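Have a look below at one chain only, the form deposited in one PDB entry, in structure tokens format.
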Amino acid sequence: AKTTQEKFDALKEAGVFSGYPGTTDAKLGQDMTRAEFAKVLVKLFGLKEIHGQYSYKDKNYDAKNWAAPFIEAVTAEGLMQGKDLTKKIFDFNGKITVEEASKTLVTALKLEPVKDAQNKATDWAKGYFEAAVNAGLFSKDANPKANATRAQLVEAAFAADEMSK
């Protein structure tokens, strides 16, 4: 029965998550940018970084932005598409929510969204969130609309990696 900290240690050693300078603090109560999560997903599923392509219009989404290869890589993979197709905003500094994370992971694992699912998640996300709860990636008592904590993301990422194999 591994702890969240032991799961983090494992994922860090595998380069999927990172820690923080000068400390052993994995900061498991803190949250994570959608940019950082994109990089998590790339490391977790072994995707190819995509350089010199920019599919979004956010301020400072350009070549000087370290996250673009990652965000592009998950966009090409179909795991993420940003918050508005018309204006092409990804929101890379915005924090990843439990239901957003649920979408990326169910899709990556090729699990089926639950049609007509009922739960506290935003309408677009109810099927993904329910599917993630069922697979054990988050607890049914998690707030789907909340920023996901690192801990929650470690546990989701660890479970996902195990299913993946």
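Numbering starts at 1 and runs along the sequence shown.
The same protein has a further form, the form deposited with a small molecule bound, not shown here; the description that follows concerns it.
Visitor: Counting only non-hydrogen atoms and a 4.5 angstroms cut-off, does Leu137 reach the small molecule in the bound PDB entry?
Guide: No.
Visitor: With a cut-off of 4.5 Å between heavy atoms, is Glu36 one of the residues that contacts the small molecule in the bound PDB entry?
Guide: Yes, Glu36 lies within 4.5 Å of the small molecule in the bound PDB entry.
Visitor: Classify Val40 as contacting or not contacting the small molecule in the bound PDB entry by the rule of any non-hydrogen atom within 4.5 angstroms, answering yes or no.
Guide: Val40: contacts the small molecule in the bound PDB entry.
Visitor: Please run the contact check for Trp66 against the small molecule in the bound PDB entry: heavy atoms, 4.5 angstroms, yes or no?
Guide: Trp66: contacts the small molecule in the bound PDB entry.
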